[PDB]
Amino acid sequence: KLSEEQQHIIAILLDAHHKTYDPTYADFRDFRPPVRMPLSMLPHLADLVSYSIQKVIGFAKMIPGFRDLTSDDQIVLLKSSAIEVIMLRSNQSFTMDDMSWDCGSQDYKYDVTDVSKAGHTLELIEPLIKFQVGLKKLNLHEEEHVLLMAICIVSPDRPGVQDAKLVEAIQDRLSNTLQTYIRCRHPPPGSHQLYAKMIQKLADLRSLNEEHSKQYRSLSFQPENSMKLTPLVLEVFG
Amino acid sequence: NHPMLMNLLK
Ligand SMILES: CCC(O)(CC)CS[C@@H](C)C1=CC[C@H]2/C(=C/C=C3C[C@@H](O)C(OCCO)[C@H](O)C3)CCC[C@]12C
């Protein structure tokens with residue numbers, strides 16, 4: 001029935017998210033300007049992602065138990081999950097009204113063509129939009145949204161993970177917190193198979209991560225493009 | 001060898 005601890009965890013994650021996600025998107029002004037004219041959107045989105053990586057890291061540090069992991073394991077989980085959590089957290093600005101990420105203003109409203117102008121092909125973009133649509137359809141409570149991002153970050157099967165046993169215990173605690181929350185706090189019919197559908201989204205993310213990595217390597221392949229990214233992005237995305 | 005990421009996690 002959601003123990004004191006599980007309610008504590010949810011409270012920590014909600015505040016953690018509130019401290020790392022500014023719905024006013026005021027900081028977007030610091031990013032190199034978006035250019036909607038080849039790769040004209042790369043500088044702007046690169047900065048957006050670099051900013052987003054910084055936010056995801058801040059969120060992750062506040063995940064109950066994440067601090068108990070080794071420095072190396074913490075690094076491994078962030079490198080592998082960063083793109084996934086950014087895709088997940090972006091659902092908050094994504095709007096089905098026109099299938100775009102609406103970040104406050106027209107300048108900061110991105111659609112398929114903008115992602116296209118960042119160096120990506122439809123093979124990533126379509127399933128990415130598809131993902132956003134399916135996640136939006138779940139109409140998750142904010143409690144479920146933050147729990148899913150935390151569960152994504154603390155995955156024991158990530159390549160390079162060392163104390164896989166420790167990662168699991170941390171994640172299981174967050175999973176059991178989510179499962180129980182859905183039962184006791186998410187009324188039917190919306191709760192129908194909600195947990196299973198959310199886990200399926202993590203599977204979709206693994207697929208998106210894999211395809212993003214391939215197109216990132218093609219893009220970052222040529223120094224002229226790799227030159228337009230940020231140092232944090234270069235370090236995290238390989 | 002992840003300077004920046006590690007610094008941000010400290
Ligand atoms: C530039 C080339 C590059 O591959 C990255 C190397 C990325 S493009 C592409 C695959 C992609 C990953 C997620 C996508 C997007 C996410 C956008 C948001 C906006 C807002 O919700 C932020 O919240 C702000 C509040 O904190 C999120 O965090 C981030 C939409 C445009 C394309 C992005 C940036």
# chains A, B, ... in the order shown; residues from 1 in each chain; ligands from 1

$ residues_around --residues "residue B:8" --least-positions-apart "3" --cutoff "12 Å" --atoms "only C-alpha atoms" --output "NGL selection string"
(:A and (53-61 or 71 or 74-75 or 78 or 232 or 236)) or (:B and (2-5))

$ residues_around --residues "stretch 28-30 of chain A" --least-positions-apart "5" --cutoff "12 Å" --atoms "only C-alpha atoms" --output "PyMOL selection string"
chain A and resi 22-23+43-52+103-105+107-109

$ residues_around --residues "residue A:183" --least-positions-apart "5" --cutoff "12 Å" --atoms "only C-alpha atoms" --output "number ranges by chain"
A: 1-2, 144, 176-178, 188-195

$ write_last_selection --atoms "N, CA and C atoms" --output "PDB file, in the first residue's frame"
ATOM      1  N   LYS A   1       0.854  -1.222   0.000  1.00  0.00           N
ATOM      2  CA  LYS A   1       0.000   0.000   0.000  1.00  0.00           C
ATOM      3  C   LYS A   1       0.875   1.253   0.000  1.00  0.00           C
ATOM      4  N   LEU A   2       2.067   1.137  -0.579  1.00  0.00           N
ATOM      5  CA  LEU A   2       3.014   2.250  -0.631  1.00  0.00           C
ATOM      6  C   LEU A   2       3.482   2.616   0.771  1.00  0.00           C
ATOM      7  N   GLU A 144       4.775   8.948 -12.018  1.00  0.00           N
ATOM      8  CA  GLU A 144       5.162   7.836 -12.862  1.00  0.00           C
ATOM      9  C   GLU A 144       6.252   8.243 -13.847  1.00  0.00           C
ATOM     10  N   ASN A 176       9.377  -1.572  -7.694  1.00  0.00           N
ATOM     11  CA  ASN A 176       8.352  -1.909  -6.718  1.00  0.00           C
ATOM     12  C   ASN A 176       7.615  -0.659  -6.254  1.00  0.00           C
ATOM     13  N   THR A 177       8.299   0.479  -6.288  1.00  0.00           N
ATOM     14  CA  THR A 177       7.679   1.732  -5.883  1.00  0.00           C
ATOM     15  C   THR A 177       6.663   2.117  -6.950  1.00  0.00           C
ATOM     16  N   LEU A 178       7.064   1.968  -8.210  1.00  0.00           N
ATOM     17  CA  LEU A 178       6.197   2.292  -9.334  1.00  0.00           C
ATOM     18  C   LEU A 178       5.012   1.334  -9.419  1.00  0.00           C
ATOM     19  N   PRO A 188      -8.497   3.025 -12.613  1.00  0.00           N
ATOM     20  CA  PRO A 188      -8.789   2.374 -13.893  1.00  0.00           C
ATOM     21  C   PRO A 188      -9.686   3.315 -14.701  1.00  0.00           C
ATOM     22  N   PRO A 189      -9.739   3.150 -16.032  1.00  0.00           N
ATOM     23  CA  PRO A 189      -9.055   2.172 -16.884  1.00  0.00           C
ATOM     24  C   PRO A 189      -7.617   2.543 -17.257  1.00  0.00           C
ATOM     25  N   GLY A 190      -7.250   3.799 -17.023  1.00  0.00           N
ATOM     26  CA  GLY A 190      -5.912   4.262 -17.351  1.00  0.00           C
ATOM     27  C   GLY A 190      -4.784   3.416 -16.791  1.00  0.00           C
ATOM     28  N   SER A 191      -5.038   2.742 -15.678  1.00  0.00           N
ATOM     29  CA  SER A 191      -4.031   1.909 -15.040  1.00  0.00           C
ATOM     30  C   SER A 191      -3.860   0.542 -15.695  1.00  0.00           C
ATOM     31  N   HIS A 192      -4.774   0.183 -16.595  1.00  0.00           N
ATOM     32  CA  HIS A 192      -4.717  -1.119 -17.256  1.00  0.00           C
ATOM     33  C   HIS A 192      -3.398  -1.438 -17.955  1.00  0.00           C
ATOM     34  N   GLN A 193      -2.650  -2.384 -17.391  1.00  0.00           N
ATOM     35  CA  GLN A 193      -1.372  -2.810 -17.954  1.00  0.00           C
ATOM     36  C   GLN A 193      -0.406  -1.645 -18.060  1.00  0.00           C
ATOM     37  N   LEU A 194      -0.611  -0.616 -17.247  1.00  0.00           N
ATOM     38  CA  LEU A 194       0.252   0.553 -17.297  1.00  0.00           C
ATOM     39  C   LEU A 194       1.723   0.240 -17.029  1.00  0.00           C
ATOM     40  N   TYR A 195       2.009  -0.549 -16.001  1.00  0.00           N
ATOM     41  CA  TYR A 195       3.401  -0.879 -15.703  1.00  0.00           C
ATOM     42  C   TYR A 195       4.058  -1.537 -16.906  1.00  0.00           C
TER      43      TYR A 195
END

$ atom_distance --atom1 "atom CA of residue A:41" --atom2 "atom 1 (C, counted along the ligand's line) of ligand 1"
7.1 Å

$ residues_near_ligand --ligand "ligand 1" --cutoff "6 Å" --atoms "only C-alpha atoms and all ligand atoms" --output "ChimeraX atom specification"
/A:20-22,42,45-46,49,52,55,86-87,89-90,92-93,101,110,115,118,216

$ atom_distance --atom1 "atom CA of residue A:223" --atom2 "atom CA of residue A:37"
22.3 Å

$ atom_distance --atom1 "atom CA of residue A:39" --atom2 "atom CA of residue A:119"
5.7 Å

$ select_by_dssp --residues "stretch 56-234 of chain A" --states "alpha helix (DSSP H)" --output "PyMOL selection string"
chain A and resi 56-61+71-89+112-116+122-137+142-153+164-185+194-219+223-226+231-234

$ residues_around --residues "residue A:237" --least-positions-apart "3" --cutoff "9 Å" --atoms "only C-alpha atoms" --output "PyMOL selection string"
chain A and resi 79-80+82-83+213+216+232-234

$ decode --residues "chain B" --atoms "N, CA, C and O atoms" --output "mmCIF file, in the first residue's frame"
data_model
loop_
_atom_site.group_PDB
_atom_site.id
_atom_site.type_symbol
_atom_site.label_atom_id
_atom_site.label_comp_id
_atom_site.auth_asym_id
_atom_site.auth_seq_id
_atom_site.Cartn_x
_atom_site.Cartn_y
_atom_site.Cartn_z
ATOM 1 N N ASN B 1 37.990 7.742 -18.152
ATOM 2 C CA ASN B 1 38.510 9.009 -18.747
ATOM 3 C C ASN B 1 37.391 9.980 -19.130
ATOM 4 O O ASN B 1 37.340 10.453 -20.266
ATOM 5 N N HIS B 2 36.500 10.267 -18.181
ATOM 6 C CA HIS B 2 35.384 11.188 -18.411
ATOM 7 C C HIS B 2 35.418 12.328 -17.408
ATOM 8 O O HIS B 2 34.631 12.365 -16.464
ATOM 9 N N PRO B 3 36.332 13.286 -17.619
ATOM 10 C CA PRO B 3 36.563 14.476 -16.792
ATOM 11 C C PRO B 3 35.307 15.256 -16.412
ATOM 12 O O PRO B 3 34.959 15.368 -15.238
ATOM 13 N N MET B 4 34.645 15.802 -17.426
ATOM 14 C CA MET B 4 33.444 16.610 -17.240
ATOM 15 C C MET B 4 32.256 15.883 -16.624
ATOM 16 O O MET B 4 31.596 16.414 -15.735
ATOM 17 N N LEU B 5 31.973 14.679 -17.100
ATOM 18 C CA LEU B 5 30.866 13.907 -16.561
ATOM 19 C C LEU B 5 31.136 13.578 -15.092
ATOM 20 O O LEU B 5 30.244 13.667 -14.250
ATOM 21 N N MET B 6 32.376 13.221 -14.781
ATOM 22 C CA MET B 6 32.731 12.882 -13.411
ATOM 23 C C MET B 6 32.624 14.106 -12.509
ATOM 24 O O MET B 6 32.099 14.029 -11.398
ATOM 25 N N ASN B 7 33.119 15.239 -12.993
ATOM 26 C CA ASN B 7 33.067 16.478 -12.231
ATOM 27 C C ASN B 7 31.628 16.852 -11.892
ATOM 28 O O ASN B 7 31.344 17.349 -10.800
ATOM 29 N N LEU B 8 30.718 16.606 -12.830
ATOM 30 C CA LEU B 8 29.311 16.934 -12.634
ATOM 31 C C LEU B 8 28.608 15.968 -11.681
ATOM 32 O O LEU B 8 27.574 16.299 -11.100
ATOM 33 N N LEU B 9 29.177 14.779 -11.514
ATOM 34 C CA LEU B 9 28.594 13.777 -10.631
ATOM 35 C C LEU B 9 29.083 13.886 -9.193
ATOM 36 O O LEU B 9 28.427 13.389 -8.278
ATOM 37 N N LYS B 10 30.231 14.533 -8.998
ATOM 38 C CA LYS B 10 30.816 14.693 -7.670
ATOM 39 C C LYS B 10 29.796 15.185 -6.650
ATOM 40 O O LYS B 10 29.795 14.642 -5.523
#
